[PDB]
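**Student:**
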Amino acid sequence: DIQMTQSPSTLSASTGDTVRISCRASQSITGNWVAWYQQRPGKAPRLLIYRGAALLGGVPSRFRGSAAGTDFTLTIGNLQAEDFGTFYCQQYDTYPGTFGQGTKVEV
Amino acid sequence: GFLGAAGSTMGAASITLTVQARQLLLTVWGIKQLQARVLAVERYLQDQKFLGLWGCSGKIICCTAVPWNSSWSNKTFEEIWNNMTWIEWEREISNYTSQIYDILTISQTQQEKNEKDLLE
Amino acid sequence: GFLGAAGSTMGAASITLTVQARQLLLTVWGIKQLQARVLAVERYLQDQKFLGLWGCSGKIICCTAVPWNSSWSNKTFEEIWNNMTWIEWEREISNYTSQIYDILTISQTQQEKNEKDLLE
Amino acid sequence: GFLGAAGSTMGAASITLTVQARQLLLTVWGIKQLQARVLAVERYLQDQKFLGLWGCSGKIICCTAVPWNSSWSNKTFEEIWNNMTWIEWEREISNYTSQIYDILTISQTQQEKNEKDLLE
Amino acid sequence: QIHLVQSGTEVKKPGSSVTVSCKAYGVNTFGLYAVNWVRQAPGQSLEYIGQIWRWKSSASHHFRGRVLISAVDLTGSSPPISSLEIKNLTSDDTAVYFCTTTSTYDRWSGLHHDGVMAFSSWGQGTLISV
Amino acid sequence: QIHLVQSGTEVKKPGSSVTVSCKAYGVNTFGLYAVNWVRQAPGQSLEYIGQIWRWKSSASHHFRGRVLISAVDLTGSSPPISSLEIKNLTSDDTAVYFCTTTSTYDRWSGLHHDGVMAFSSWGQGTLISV
Amino acid sequence: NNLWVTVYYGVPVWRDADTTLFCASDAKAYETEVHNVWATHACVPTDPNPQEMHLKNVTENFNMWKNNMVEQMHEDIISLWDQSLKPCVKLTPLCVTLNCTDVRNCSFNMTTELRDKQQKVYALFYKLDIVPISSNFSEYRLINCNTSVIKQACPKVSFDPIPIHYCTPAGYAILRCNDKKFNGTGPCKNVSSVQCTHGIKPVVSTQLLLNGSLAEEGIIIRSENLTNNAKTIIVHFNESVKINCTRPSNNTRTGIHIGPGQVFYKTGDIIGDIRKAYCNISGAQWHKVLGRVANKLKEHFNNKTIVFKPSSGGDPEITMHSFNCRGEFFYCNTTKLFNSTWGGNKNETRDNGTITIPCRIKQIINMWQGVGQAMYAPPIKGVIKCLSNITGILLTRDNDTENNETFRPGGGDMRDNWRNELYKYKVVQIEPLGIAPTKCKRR
Amino acid sequence: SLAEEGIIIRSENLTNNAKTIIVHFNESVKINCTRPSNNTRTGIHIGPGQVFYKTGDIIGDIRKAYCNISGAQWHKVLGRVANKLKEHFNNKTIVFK
Amino acid sequence: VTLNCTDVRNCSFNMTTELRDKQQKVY
Ligand SMILES: *[C@@H]1O[C@H](CO)[C@@H](O[C@@H]2O[C@H](CO)[C@@H](O[C@@H]3O[C@H](CO[C@H]4O[C@H](CO[C@H]5O[C@H](CO)[C@@H](O)[C@H](O)[C@@H]5O[C@H]5O[C@H](CO)[C@@H](O)[C@H](O)[C@@H]5O)[C@@H](O)[C@H](O[C@H]5O[C@H](CO)[C@@H](O)[C@H](O)[C@@H]5O[C@H]5O[C@H](CO)[C@@H](O)[C@H](O)[C@@H]5O)[C@@H]4O)[C@@H](O)[C@H](O[C@H]4O[C@H](CO)[C@@H](O)[C@H](O)[C@@H]4O[C@H]4O[C@H](CO)[C@@H](O)[C@H](O)[C@@H]4O[C@H]4O[C@H](CO)[C@@H](O)[C@H](O)[C@@H]4O)[C@@H]3O)[C@H](O)[C@H]2NC(C)=O)[C@H](O)[C@H]1NC(C)=O
Ligand SMILES: *[C@@H]1O[C@H](CO)[C@@H](O[C@@H]2O[C@H](CO)[C@@H](O[C@@H]3O[C@H](CO[C@H]4O[C@H](CO[C@H]5O[C@H](CO)[C@@H](O)[C@H](O)[C@@H]5O[C@H]5O[C@H](CO)[C@@H](O)[C@H](O)[C@@H]5O)[C@@H](O)[C@H](O[C@H]5O[C@H](CO)[C@@H](O)[C@H](O)[C@@H]5O[C@H]5O[C@H](CO)[C@@H](O)[C@H](O)[C@@H]5O)[C@@H]4O)[C@@H](O)[C@H](O[C@H]4O[C@H](CO)[C@@H](O)[C@H](O)[C@@H]4O[C@H]4O[C@H](CO)[C@@H](O)[C@H](O)[C@@H]4O[C@H]4O[C@H](CO)[C@@H](O)[C@H](O)[C@@H]4O)[C@@H]3O)[C@H](O)[C@H]2NC(C)=O)[C@H](O)[C@H]1NC(C)=O
Ligand SMILES: *[C@@H]1O[C@H](CO)[C@@H](O[C@@H]2O[C@H](CO)[C@@H](O[C@@H]3O[C@H](CO[C@H]4O[C@H](CO)[C@@H](O)[C@H](O)[C@@H]4O)[C@@H](O)[C@H](O[C@H]4O[C@H](CO)[C@@H](O)[C@H](O)[C@@H]4O[C@H]4O[C@H](CO)[C@@H](O)[C@H](O)[C@@H]4O)[C@@H]3O)[C@H](O)[C@H]2NC(C)=O)[C@H](O)[C@H]1NC(C)=O
Ligand SMILES: *[C@@H]1O[C@H](CO)[C@@H](O[C@@H]2O[C@H](CO)[C@@H](O[C@@H]3O[C@H](CO[C@H]4O[C@H](CO)[C@@H](O)[C@H](O)[C@@H]4O)[C@@H](O)[C@H](O[C@H]4O[C@H](CO)[C@@H](O)[C@H](O)[C@@H]4O[C@H]4O[C@H](CO)[C@@H](O)[C@H](O)[C@@H]4O)[C@@H]3O)[C@H](O)[C@H]2NC(C)=O)[C@H](O)[C@H]1NC(C)=O
Ligand SMILES: *[C@@H]1O[C@H](CO)[C@@H](O[C@@H]2O[C@H](CO)[C@@H](O[C@@H]3O[C@H](CO[C@H]4O[C@H](CO)[C@@H](O)[C@H](O)[C@@H]4O)[C@@H](O)[C@H](O[C@H]4O[C@H](CO)[C@@H](O)[C@H](O)[C@@H]4O)[C@@H]3O)[C@H](O)[C@H]2NC(C)=O)[C@H](O)[C@H]1NC(C)=O
Ligand SMILES: *[C@@H]1O[C@H](CO)[C@@H](O[C@@H]2O[C@H](CO)[C@@H](O)[C@H](O)[C@H]2NC(C)=O)[C@H](O)[C@H]1NC(C)=O
Ligand SMILES: *[C@@H]1O[C@H](CO)[C@@H](O[C@@H]2O[C@H](CO)[C@@H](O)[C@H](O)[C@H]2NC(C)=O)[C@H](O)[C@H]1NC(C)=O
Ligand SMILES: *[C@@H]1O[C@H](CO)[C@@H](O[C@@H]2O[C@H](CO)[C@@H](O)[C@H](O)[C@H]2NC(C)=O)[C@H](O)[C@H]1NC(C)=O
Ligand SMILES: *[C@@H]1O[C@H](CO)[C@@H](O)[C@H](O)[C@H]1NC(C)=O
Ligand SMILES: *[C@@H]1O[C@H](CO)[C@@H](O)[C@H](O)[C@H]1NC(C)=O
Ligand SMILES: *[C@@H]1O[C@H](CO)[C@@H](O)[C@H](O)[C@H]1NC(C)=O
Ligand SMILES: *[C@@H]1O[C@H](CO)[C@@H](O)[C@H](O)[C@H]1NC(C)=O
Ligand SMILES: *[C@@H]1O[C@H](CO)[C@@H](O)[C@H](O)[C@H]1NC(C)=O
Ligand SMILES: *[C@@H]1O[C@H](CO)[C@@H](O)[C@H](O)[C@H]1NC(C)=O
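Chains as they are written, first to last, in the deposited numbering: chain A, 1 to 30, 30A, 31 to 106; chain B, 521 to 545, 568 to 662; chain C, 521 to 545, 568 to 662; chain D, 521 to 545, 568 to 662; chain E, 1 to 35, 35A, 36 to 52, 54 to 77, 77A to 77D, 78 to 82, 82A to 82C, 83 to 100, 100A to 100L, 101 to 111; chain F, 1 to 35, 35A, 36 to 52, 54 to 77, 77A to 77D, 78 to 82, 82A to 82C, 83 to 100, 100A to 100L, 101 to 111; chain G, 32 to 132, 153 to 309, 312 to 321, 321A, 322 to 358, 360 to 396, 403 to 457, 460 to 504; chain H, 264 to 309, 312 to 321, 321A, 322 to 358, 360 to 362; chain I, 127 to 132, 153 to 173.
Next comes the structure, spelled out in structure tokens:
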């Protein structure tokens, strides 16, 4: 029931460049129930950030998010080699969950 | 004693959140006793510091004149108190608690200074 | 410090129950010190819980709007405060204390809810 | 947390004496922990006894209706709050503290009895 | 630790039924854990089918009378397994299917909220085409 | 413990300069302690000249451009010393000079208050005459 | 039309936490004094009338294998045992050459009251305690002369386990599942909050559980990693089976003075007839319970033919059934109990006869594995008899692959004895502070 | 912990010679202490659980323990320390024995 | 005890072993 979109759809960056990944939801999520996903080409994604800006055990400290009402931004400081790939932000406060089209990083 | 009506609706909890309220009345076991008593005293003192510092002091249903920006929550009264329980609400506002406490303290000191200076 | 005027009439106790009031300012002996201090803290905290829970909080002569059914006592003011002392009265109402405390708590929460809802 | 603005003027201390206020949130080391916790509890309880006994209870800037005989001090407002700091003032009234506390307690009980008897 | 492995890839025909089994290695029980089924279309955003959370099957709005969720807990030899059953398949269902499992033991962890939840662990995926 | 010994007595002429050195035995530092110079006229009330409190020289209202205060802290052999220097001496300056030292470590002791302070220890005195 | 912050104190909100739980015993003392190992004293809080409070429509997740209450209890068990046996006879002058001949008549040079004198002492030592080190008299040594010194239990200390209650301090609570056929992991249907756990007796046993709490309607098999064969399997009992263990071997203990206040008690000649210890098992009831256990295991094991084999690895504490009757440790075998095949041909064998199992009593007790202090149990004067009603088994699954799963007895750590009884409880802390928006505008 | 800009000599009774003198370092000097004397420790049972570990024969070559001090840095630091002591000691010739 | 020695020294002494009766020579 939440139509969530993320911009820019495509972007390009090199190693060591801070990258802005943001997605404005259709409705405000006051509970910070947003999850960030990073899918490598071929295999499955993994969960990086949950509950707005909370890290997961076994994640590099370069993935930090923000929760400001409807705006949710993901930051990649000192972009690393494996970080290249599509990204997804998902809301899990209202049944059912919804993802975005996909933001990818290219050289 | 406060565990009663935990899963009930918020209205039933409120009418129950005051139904029990509180009835009150070298050895390793002695060490455990002392640790438990000191811990309970510390928790009670912490709660009383927060209550008295917000101006509540010894009142159960404590009022405050702090506004409710649609940033901590955006739902309306009836759904908060019917489509929810106390634990659900606490999880909803889990990481806004520090900001809310700070705003309560600032509002309390503001109103206290205002009344002291208007007392002339 | 409150032991003064213990055997006096209730009026003299009341005028004295505020005359002292309170002036304030591994070893087995250390263990005894710690036990005594923790026990004193617990008793003080218990008394303050009861006072604040009845709405008294930090007031010595605390008022309450609870009626006085002729079941806890049937004697009239002058004889209560002249034909009696504080210990005699406490023995008279010894096993009604729990019911009286419960009624005080219910009355306090009732009046607090009433004022909160009339505050509109 | 109260150490901030210690050397500042009294006005700056007053506007700061509420800026931090309080953010809150067999082994020899365990023995030290227990001693420290009990000592902190005792100091907090002492301060709260004095505050509630003067009628302040849970208020930071507590008012009182006690006069100010030119025996504890003979200087006038502006110099007290500009030509002085909090430590200087405490040293100035260091050995009048007991008398001042006693007078506060007497005034509190007097006003409480007066209001109870006027409540008719 | 937590390893999710599921069945292989195969090609079927329209109108048939597909059974995809997801084996959970390292998951103690499906009572504490919750398994969620999500589908990613080829070169397209993901889609959520349904879940069986503490033995309570559910499905998305579009998947009514269309998908079935099964789950089996710990056994003597096999690990806990959850199977995906879809019937009356059409040409639009050709996509990779993912099996996702997350822990719901802690209510304050933030991974779950009233049944809708994040996906901590993921499977390798099953390519499906006609 | 605390022993204050200073220079001897001598006779000088008007218009000359007098240097009276006070040696502090038992005083650790002049940072924690404070030395005060007071003069007692023959058969007359005392008078306060000035002080050097935690390395801050000062003097009375009448002693402006007239008296100089010096102080040296602990050394290898000599104890801390403070010297009294007065110039343009006149016939009214003939009096015994006292060296006084008190401890300022504790603020609640009451011996000191915003620089003006009591004199806990005293020296033997130096008779001065023309 | 706008909301204002309203502070609530006493909201029903709890969060997972671990704290120190104290002791709460049913008030004894009119049992004379009798300082038991689990000291009744210093368990000052006498349990009042239980204060129950059921939570309606509350579903709380439970995980028996990550509970901190078991570790609470285990550390308290070890600490209490050390505290109990510490302040009396040390018994260090015992590791010598034993010129011995079950049991053996052994002679050794023992230190008497004085430093100068030496006394020759003849004592009976069980073969389990004796260790070897063309003749007719051999020379021996004790079992644990290389691990730690041997220490006497203590003259007047009783080994009777009494129920112990575990309350929490103010601000904390315990959630009890109260769910029938609870597997120990997963959500609980309805939950009630209590202060102390039910009266639990700290019995110590291996490979076969002892006095405890029964089930509600069926047999519950609970194991952390049922798939893994290296994790012990715990079985709860629908119904209990009574067993009778006795030692009709009347002793005449005699105390000798081995130092200034060091009184050593040794086993003398057995007056009257000589008998060996045994335990009686009701054959019909035991076989019925084992059949029900196998039937309930079959569903968990894909309806395979469950077969029970006796213990294989030779290890005196592990292969035996450990327990104390009145101060004596028996260590019988359970081979005649755990030897059957269930479901292979669906038909019977069994019989219904009372089962008597031989026992090998010993006195040196290296219990709590190597963590606990070694103990010497003094002999008891009269005959020994205690009546026990079994509630639970500790099974172990065997690496090869076949159509039948072999479950041999023998548990793991001592925590498994109480894991069957602390599964339903879970300590939790409560935060009474709560903030909700209303229309108040005041204060 | 190092100092901030200079050498600090702190002593309770600098005049008294019976009180130790404590010197703080402007800058630190690294030292390397090693024992290239490979041991073969062996434990013996001297009681019920009493295991006593004794030094066995030194296998390989035999060496004696030593510590290495950077001569230039140590001498510079000592010279700075002496210079800062001279002012406290009336500019006397500081000698270390 | 008395150390029947010969830096370091090779010393021999009578040390108590596992048992109270036996005695071991330790270098
Ligand atoms: C401890 O303890 C505890 C307790 O006791 C436990 O728990 C447990 O657990 C267990 C496990 O182990 C479990 O069991 C399981 O369960 C699950 C679930 O179930 C559920 O669900 C289901 C589904 O639902 C759905 O559907 C339906 C129909 O269609 C509907 O109606 C509904 O509504 C739903 O729907 C929904 O959703 C969807 C999606 O999904 C959508 O789409 C829609 O729209 C909607 O929305 C169901 O069915 C169920 O039900 C049942 O049950 C109930 C109760 O619960 C009842 O009431 C009912 O009635 C039913 O019953 C019936 O049936 C039965 C059968 O048998 C019978 O008997 C009876 O009589 C009746 O009739 C529920 O609700 C499930 O799923 C599972 O199942 C499985 O298994 C079994 C055996 O066991 C079998 O039989 C089956 O079949 C299955 O199997 C399958 O799968 C597998 C996997 O892999 C495989 O292998 C096989 O082969 C199979 O497959 C096949 O078949 C299928 C069929 O379908 C197909 O599809 C395929 O393809 C193939 O062919 C089980 O059962 C339980 O539950 C629990 N409980 C509790 C209380 O919790 C625990 O676990 C323990 N622990 C330990 C450690 O031990
Ligand atoms: C640890 O650490 C710490 C820290 O580091 C330390 O502390 C330290 O200590 C030290 C000691 O050791 C010290 O030092 C010292 O100091 C002192 C003080 O000073 C101050 O004061 C002064 C005075 O003042 C006054 O005066 C002036 C002029 O006139 C004026 O201006 C002022 O204002 C004042 O006046 C006032 O008062 C009066 C009275 O008195 C009145 O009357 C009036 O009116 C008024 O009111 C001064 O001068 C000074 O100043 C200086 O300094 C400063 C800084 O501080 C500066 O800024 C300045 O500028 C100056 O400087 C200058 O000079 C110098 C010199 O050198 C040079 O260098 C430079 O460059 C410049 O130019 C101050 O303020 C003092 O006094 C002392 O002195 C001494 O010594 C020295 C050496 O060291 C020398 O040089 C000198 O001279 C002196 O000596 C003298 O004395 C002695 C005694 O005995 C003798 O012996 C000798 O011989 C001499 O005598 C001679 O000479 C004199 C001259 O005057 C004459 O008079 C006589 O007669 C003879 O002839 C010292 O310096 C320091 O300060 C401290 N610091 C701190 C930070 O604190 C501690 O100690 C340690 N501890 C341990 C244990 O180690
Ligand atoms: C309760 O007890 C049970 C049993 O004792 C235990 O189950 C065991 O769980 C572990 C989980 O770590 C399992 O180990 C994994 O098994 C999978 C599946 O292997 C299957 O296929 C192989 C080959 O055909 C068979 O030999 C095997 O028997 C299975 O049928 C493996 O895929 C896993 O591989 C990982 O480990 C490798 C080292 O062995 C590493 O190289 C690497 O980390 C592998 O993971 C990698 O795989 C991805 C590709 O798929 C790769 O892209 C990633 O980078 C990823 O890192 C692993 O071996 C073990 O088999 C289970 N045992 C049994 C008998 O089933 C439970 O875990 C236990 N519960 C708890 C809570 O402890
Ligand atoms: C599972 O639960 C069952 C519950 O029935 C339990 O069986 C019971 O065990 C207890 C503990 O051993 C038994 O109680 C003991 O009984 C003996 C025998 O007394 C008989 O004779 C008297 C008098 O004729 C009868 O009244 C009685 O019913 C018996 O027929 C007693 O001698 C024991 O006394 C000890 O406890 C006293 C307090 O009750 C203390 O004063 C003292 O500790 C006594 O021991 C002391 O005695 C020595 C002198 O002999 C003294 O020198 C020592 O210092 C020593 O401390 C005790 O009352 C009870 O009879 C059992 N019940 C049944 C039906 O058999 C199982 O044991 C339990 N499972 C496990 C594994 O423990
Ligand atoms: C809504 O409210 C929730 C309340 O929990 C907030 O969730 C917390 O968010 C914070 C900050 O994002 C999390 O803190 C971070 O946790 C990371 C995970 O660490 C795990 O693993 C280690 C090692 O095994 C454990 O010790 C630890 O307990 C965790 O299990 C850490 O890696 C992070 O460390 C980072 O900070 C340190 C300085 O502290 C730096 O050195 C590095 O940058 C390092 O990367 C960090 O501590 C916290 O875990 C979350 N809690 C939960 C329960 O999830 C939400 O953030 C909040 N919403 C918003 C929008 O703020
Ligand atoms: C909730 O669990 C409690 C267990 O504590 C159940 O209460 C028991 O109910 C039976 C019959 O309903 C009574 O005979 C018992 O005396 C009750 N026990 C207690 C401790 O009160 C209760 O039935 C359960 N509720 C539901 C809806 O299943
Ligand atoms: C437990 O007691 C039984 C009773 O005999 C022992 O069973 C016999 O053990 C011997 C040697 O261990 C074998 O030779 C016999 O064949 C066994 N008899 C049967 C019927 O199997 C058993 O060994 C004892 N266990 C231990 C550890 O001593
Ligand atoms: C031994 O087991 C038996 C059977 O489970 C228990 O006997 C019952 O005990 C309860 C209360 O303890 C009584 O209400 C029943 O009437 C008893 N039944 C019989 C047949 O006696 C006995 O309590 C258990 N012993 C111990 C020590 O727990
Ligand atoms: C609500 O919270 C946001 C988050 O910081 C804050 O910026 C805003 O000022 C708050 N609302 C009001 C009315 O101040
Ligand atoms: C007085 O006490 C009795 C005893 O329970 C009670 O029934 C009665 O209601 C009380 N009086 C009033 C006015 O309620
Ligand atoms: C001020 O203090 C003095 C000192 O005891 C006291 O006598 C006097 O009464 C006080 N002032 C008033 C107005 O009471
Ligand atoms: C022991 O040796 C043999 C073998 O048992 C036996 O006949 C003999 O009587 C015993 N005693 C002696 C002294 O040999
Ligand atoms: C084991 O259980 C399954 C499910 O109830 C049943 O179908 C199967 O027949 C059982 N096995 C045997 C041997 O009866
Ligand atoms: C020691 O210091 C004083 C003061 O700075 C100086 O006058 C004197 O020359 C110095 N001593 C030497 C030997 O340089």
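Note that beta-carbon positions come from the ideal geometry of N, C-alpha and C, so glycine has one too.
When you compare only the Cα positions, how much space is there between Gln38 (chain A) and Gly572 (chain B)?
**Tutor:** Walking along the first sequence from the start, residue 38 (chain A) turns up at place 39. Walking along the second sequence from the start, residue 572 (chain B) turns up at place 30. Distance between the alpha carbons of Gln38 (chain A) and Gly572 (chain B) is about 56 Å.
**Student:** Taking any heavy atom of ligand 10 as the mark, which residues have a C-beta closer than 5 Å to it, listed down the chain?
**Tutor:** Answer in sequence order: C:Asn611 and C:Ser613.
**Student:** Taking Cβ-Cβ distances shorter than 8 Å, what residues in chain D pair up with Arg100 (chain F)?
**Tutor:** Taking the first residue of the sixth sequence as 1, we reach residue 100 (chain F) at position 107. Result: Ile629 and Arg633.
**Student:** For the alpha helix (DSSP H) that contains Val341 (chain H), what are its first and last residues?
**Tutor:** The count along the eighth sequence starts at 1 and reaches residue 341 (chain H) at position 77. Element bounds for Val341 (chain H): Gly335 to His352.
**Student:** If we cut at 8 Å on Cβ distances, does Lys658 (chain C) have a partner in chain G?
**Tutor:** Position 116 of the third sequence, counted from the start, is the residue given in the question as residue 658 (chain C). Yes, contact with chain G.
**Student:** Cβ of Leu100D (chain E) less than 8 Å from any chain G Cβ?
**Tutor:** Along the fifth sequence, one-based indexing puts residue 100D (chain E) at 111. Judged by the 8 Å Cβ criterion, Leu100D (chain E) is not in contact with chain G.
**Student:** Who does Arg155 (chain G) pair with in a DSSP beta bridge?
**Tutor:** Counting from 1 along the seventh sequence, the entry for residue 155 (chain G) is found at position 104. Per DSSP, G:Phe176.
**Student:** I'd like the span of the beta strand (DSSP E) that includes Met84 (chain G), first residue to last.
**Tutor:** Here the question's residue 84 (chain G) lines up with position 53 in the seventh sequence. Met84 to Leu86 is the extent of the beta strand (DSSP E) around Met84 (chain G).
**Student:** Any beta carbon from chain D within less than 8 Å of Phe522 (chain B)'s own beta carbon?
**Tutor:** Translated into the one-based positions of the second sequence, residue 522 (chain B) becomes position 2. False, the Cβ-Cβ gap to chain D never drops below 8 Å.
**Student:** Does the Cβ of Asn355 (chain H) lie closer than 7 Å to at least one heavy atom of ligand 14?
**Tutor:** The residue labelled residue 355 (chain H) in the question sits at position 91 within the eighth sequence. Checking the Cβ of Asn355 (chain H) against ligand 14 gives yes.
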